[PDB]
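Data first, discussion second: the structure below is written as structure tokens.
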Amino acid sequence: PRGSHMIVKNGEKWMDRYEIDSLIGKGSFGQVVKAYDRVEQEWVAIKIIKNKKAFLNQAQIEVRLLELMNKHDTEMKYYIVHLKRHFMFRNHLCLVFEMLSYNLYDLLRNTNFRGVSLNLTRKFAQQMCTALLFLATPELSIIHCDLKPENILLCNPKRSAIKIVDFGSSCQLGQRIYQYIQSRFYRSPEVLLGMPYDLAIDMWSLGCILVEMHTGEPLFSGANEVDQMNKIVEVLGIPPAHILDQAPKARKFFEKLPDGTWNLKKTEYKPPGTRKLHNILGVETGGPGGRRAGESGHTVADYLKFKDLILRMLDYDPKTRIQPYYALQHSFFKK
Ligand SMILES: Cc1ccc(/C=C2/C(=O)Nc3ccccc32)o1
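Laid out in structure tokens, this is it:
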């Protein structure tokens, strides 16, 4: 066999059922194939976990969480990708999902990274907040741990309905296992600081995502952890002392002074909290790059609500950071 990836061969039939069409995707997780399920007469995406002990063990958690989420039949569970079944094949765990359309990063690429409208952004935000509310159900208490444009797919290319995919790093509250999680751009302060985390890290990622969906570019595009914390401090200032006092990796980015206060451990950036979200969104200057100037649904009053909700989702404190239910009650969502 030689190596971790399954030899994929377009046109072969798996177990007189799955007709392999093409390789959808590759990556560290393994691979994804488009396949025709002859039994159910429908296209499916099969996620082939790498044949490595570490990846197989993590994929048992993925399968457990997915099955748990699909079992909870309610008014929230259809913002989550549906795992139809799974099987072992050629020493690979294989997860069969419904076929969906493209991810929100592709939607950004098809606007030449100009960003989508505030109106489309709000539709994505209401779906995602609803999804996070569902994850926050006691019985689930699921932390996604990897929200980013790539992991939010459109159901249909013509419509704005979405689902969340890739619960490959997901854990339940109280079952934290990796000190290093989240895609860097969407990584919460508590994680960069190497502290314990809860469902609040998803709400952080969602704040970063919504800004990027409208501006067409990442809010915080760090080359590494130091650069990432610095780009956050640029907008949000130095994080509160009560947090940095309890933070194992505080001294990676910050310095205590005789004072008792924290400062950036400078070795260069805009001063702390001087990169205003106000200016990044271009509230009073016609939106991102001036492209929404005079457009309907891009008034200053619209922007101020959006910005307010973003700033509640980018709260440094995970205890006071806005939680799904309260986010859905925000004026930004009101008719
Ligand atoms: C294309 C498509 C439809 C459904 C899925 C599922 C995926 C998942 O759960 N993790 C992934 C990670 C990378 C790419 C795709 C997926 O992928």
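For the sequence shown, this note's numbering assigns the number 383 to the initial residue and increments by one for each residue that follows.
We treat Cβ as the ideally placed atom computed from N, Cα and C, and that holds for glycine.
Original post:
What is the DSSP secondary structure of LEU646, counted as helix, strand or coil?
Top reply: Three-state DSSP puts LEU646 in a strand.
**OP:** Tell me, to the nearest whole angstrom, how far the beta carbon of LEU588 is from that of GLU594; I am working on the premise that it is less than 8 Å.
**Re:** With a Cβ gap of about 11 Å, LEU588 and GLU594 do not count as contacting.
Original post:
Hey, how far is the Cα of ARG541 from the Cα of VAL608?
Top reply: 39 Å
**OP:** Confirm, please, whether the CB-CB distance from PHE411 to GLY550 is below 7 Å.
**Re:** yes
**OP:** With a 10 Å radius around its C-beta and 16 neighbouring C-beta atoms as the bar for buried, classify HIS624 as buried or exposed.
**Re:** exposed
Original post:
Any heavy atom of ligand 1 closer than 6 Å to the CB of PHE479?
Top reply: yes
Original post:
Which whole-angstrom value is the C-beta distance of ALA507 and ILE462, which I expect to be below 8 Å?
Top reply: The Cβ separation is near 17 Å, so there is no contact.
Subject >> Residue burial classification, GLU572 (beta-carbon count within 10 angstroms, cutoff 16) >> reply: buried
Original post:
Is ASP548 near ligand 3, in the sense that its beta carbon is under 6 Å from a heavy atom of that ligand?
Top reply: This structure simply doesn't include ligand 3; it includes ligand 1 instead.
Original post:
Got a sec: does ligand 1 put a non-hydrogen atom nearer than 6 Å to the Cβ of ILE402?
Top reply: no
**OP:** Classify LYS530 as buried or exposed, calling it buried when 16 or more other Cβ atoms lie within 10 Å of its own Cβ.
**Re:** buried
Original post:
Count the other CB atoms within 10 Å of the CB of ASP584; is the residue buried (16 or more) or exposed (fewer)?
Top reply: buried
Original post:
Touching or not, the stretch 460 to 478 and the stretch 436 to 451, by the rule of three or more beta carbon pairs under 8 Å?
Top reply: yes
**OP:** Check each candidate in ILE546, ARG633, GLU532 and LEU535 and name the one with the smallest Cα separation from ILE525.
**Re:** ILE546
Original post:
Is DSSP giving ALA623 helix, strand or coil here?
Top reply: helix
Original post:
Just to check, is the beta-carbon of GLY407 closer than 6 Å to a non-hydrogen atom of ligand 1?
Top reply: Correct: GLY407 has its Cβ closer than 6 Å to ligand 1.
Subject >> CA-to-CA distance, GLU480 to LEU696, given in whole angstroms >> reply: 33 Å
Original post:
Among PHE714, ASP398, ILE402 and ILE431, which has the Cα closest to the Cα of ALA417?
Top reply: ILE402
Original post:
What residue does the beta strand (DSSP E) around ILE406 start on, and which one ends it?
Top reply: 400 to 407
Original post:
Just checking my contact of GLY576 with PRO630 at CB under 8 Å: how many whole Å lie between their CB atoms?
Top reply: The pair is a contact, with the Cβ atoms about 4 Å apart (cut-off 8 Å).
Original post:
Looking at the structure shown, is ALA417 part of a helix, part of a strand, or coil, going by DSSP?
Top reply: DSSP places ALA417 in strand when its eight states are reduced to three.
Original post:
Taking the C-alpha atoms as reference points, what is the distance between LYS658 and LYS652?
Top reply: 11 Å
Original post:
How close, in whole Å, do the beta carbons of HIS468 and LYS432 come, if the pair is a contact with beta carbons under 8 Å?
Top reply: Rounded, the Cβ-Cβ distance is 15 Å, inconsistent with contact.
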